[PDB]
There are 2 protein chains.
Amino acid sequence: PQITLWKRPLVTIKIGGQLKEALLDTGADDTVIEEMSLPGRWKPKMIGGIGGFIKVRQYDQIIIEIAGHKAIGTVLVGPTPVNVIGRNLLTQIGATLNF
Amino acid sequence: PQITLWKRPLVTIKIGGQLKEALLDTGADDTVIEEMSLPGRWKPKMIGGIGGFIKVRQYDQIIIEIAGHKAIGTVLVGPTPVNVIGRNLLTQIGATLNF
Ligand SMILES: CC(C)CN(C[C@@H](O)[C@H](Cc1ccccc1)NC(=O)O[C@H]1CO[C@H]2OCC[C@H]21)S(=O)(=O)c1ccc(N)cc1
Ligand SMILES: [Cl-]
Ligand SMILES: [Cl-]
Ligand SMILES: [Cl-]
Ligand code: NA
């Protein structure tokens with residue numbers, strides 16, 4: 001797919017059998033999703049965005065489908081205002097920016 | 001170009017006569033630049049992201065040169081940790097996300 005940017009680049013993701021909406025975000029290093037349950041252990045992480053730092057739960061090697069493409073990697077869970085797919089998983093689905 | 005996402009997609013921009021580095025950010029609705037002076041009128045705005053909100057100055061009809069391509073639109077100025085080129089200007093340079 002070729003996604004233009006006149007609207008937010010929102011896609012359907014599937015994580016834990018659940019469909020969610022997420023933003024494809026080239027300005028995010030990491031993928032951050034709103035509070036949900038994920039399996040296994042987590043490790044702490046602080047991430048810094050526009051407004052300041054937040055604490056998140058880091059889950060590694062999580063299976064996630066993004067716009068129909070399978071990825072397996074790190075998912076951060078915390079109080080983000082929107083689910084964002086960051087570069088760690090955009091690279092796994094082969095995404096590039098083009099102009 | 002085609003920009004891969006293994007690393008942050010940073011580019012050189014020219015704005016208000018100044019060269020700056022900025023992140024090409026599909027997750028940003030609007031372009032946000034670190035504190036600088038710009039000509040003309042402005043109005044206050046609050047914009048929110050992970051960590052919460054910051055107060056910015058909204059300037060309209062600002063020209064920016066992005067990676068050699070000129071674009072005009074709104075630029076927000078304030079205490080952002082990173083300069084970001086958001087969708088409002090990415091569209092004008094014909095940027096797309098492809099996978
Ligand atoms: C959270 C998104 C919905 C919105 N953001 C754009 C986003 O790309 C930011 C842009 C960004 C980048 C660095 C620092 C602050 C903000 N990235 C970000 O917060 O990423 C976090 C998750 O991975 C990490 O890597 C980068 C920081 C972490 S935002 O910077 O808060 C923002 C909000 C509104 C406008 N107009 C412009 C930008
Ligand atoms: Cl990962
Ligand atoms: Cl604009
Ligand atoms: Cl177009
Ligand atoms: Na103006």
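Only this structure's heavy atoms are used, side chains among them; waters, hydrogens and symmetry mates stay out. So you know, we letter chains A, B, ... as the sequences are listed, proteins then strands, and number each from 1.
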For residues [X] and [Y], report the shortest heavy-atom separation together with the two atoms involved.
| X | Y | value |
| --- | --- | --- |
| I85(B) | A22(B) | CG1-CB, 3.9 Å |
| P81(B) | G49(A) | CG-O, 3.6 Å |
| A71(B) | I93(B) | CB-CG2, 4.1 Å |
| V56(A) | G78(A) | CG1-CA, 4.1 Å |
| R87(A) | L5(B) | NH1-O, 3.0 Å |

Side chain of [X], backbone of [Y]: donor and acceptor closer than 3.5 Å?
| X | Y | result |
| --- | --- | --- |
| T31(A) | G86(A) | yes |
| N83(A) | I33(A) | no |
| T26(A) | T26(B) | yes |
| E21(B) | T12(B) | yes |

Are [X] and [Y] joined in one hydrophobic group, where the rule is that I, L, V, M, F, W and Y side chains link up if heavy atoms are under 4.5 Å apart?
| X | Y | result |
| --- | --- | --- |
| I54(B) | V82(A) | no |
| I47(A) | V77(A) | no |
| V32(B) | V84(A) | no |
| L90(A) | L90(B) | yes |
| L76(A) | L23(A) | yes |

Holding to ring-ring contact (aromatic ring centres under 6.0 Å, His included), I want the full list of residues that pass it with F53(B), two or more places apart in sequence or in another chain. none
Carboxylate-amine/guanidinium proximity below 4.0 Å for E65(B) and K70(B):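 Judged by the 4.0 Å cut-off on N to carboxylate O distance, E65(B) and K70(B) do not form a salt bridge.
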Does the distance from a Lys or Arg side-chain N to an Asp or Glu carboxylate O, for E35(A) and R57(A), drop under 4.0 Å?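 Result for this pair is yes, salt bridge flagged.
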What residue among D60(B), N88(B), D29(B) forms side-chain hydrogen bond (donor to acceptor under 3.5 Å, both in side chains) with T74(B)?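 With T74(B) as partner, side-chain hydrogen bond (donor to acceptor under 3.5 Å, both in side chains) holds for just one option, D60(B).
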Which residue in the set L97(A), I3(A), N98(A) passes side-chain contact (heavy atoms from CB on, under 4.5 Å) when paired with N98(B)? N98(A)
Would you mind reporting whether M36(B) and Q18(B) have side-chain heavy atoms less than 4.5 Å apart? yes
The test is side-chain contact (heavy atoms from CB on, under 4.5 Å); show your working for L38(A) and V75(A) and say whether it passes. CA-CA 9 Å; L38(A) 291 181; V75(A) 174; 4.2 Å; yes
Rounded to the nearest 0.5 Å, what separation is found between the CE atom of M46(B) and the NZ atom of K55(B)? 8.5 Å
When rounded to the nearest 0.5 angstrom, what is the spacing between OH in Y59(A) and CZ in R41(A)?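 If we round to the nearest 0.5 Å, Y59(A):OH and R41(A):CZ are 10.5 Å apart.
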Going through the distances and angles, do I62(A) and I72(A) end up as a side-chain contact (heavy atoms from CB on, under 4.5 Å)? CA-CA 5 Å; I62(A) 298 296; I72(A) 308 175; over 6 Å; no
Working note: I66(B) + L24(B), criterion side-chain contact (heavy atoms from CB on, under 4.5 Å); need CA distance, chi angles, decisive distance, verdict. CA-CA 9 Å; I66(B) 301 153; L24(B) 300 176; 4.1 Å; yes
Taking NZ in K20(B) as the centre, count heavy atoms belonging to other residues, nucleotides or ligands within less than 6.0 Å. Is the count above 12?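 Yes, because the 6.0 Å sphere around NZ of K20(B) holds more than 12 heavy atoms from other groups.
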Over 12 foreign heavy atoms within 6.0 Å of CD, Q61(A): no
Quick one about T80(A) and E34(A) (side-chain donor to acceptor, distance below 3.5 Å, no hydrogens or angles considered), yes or no? no
Relative to each other, are the rings of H69(B) and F99(A) parallel, tilted or perpendicular (30° and 60° limits)?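 Ring orientation of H69(B) relative to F99(A): perpendicular.
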For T4(A) and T91(B), what are the C-alpha separation, side-chain angles and deciding distance, and is it a side-chain contact (heavy atoms from CB on, under 4.5 Å)? CA-CA 7 Å; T4(A) 57; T91(B) 57; over 6 Å; no
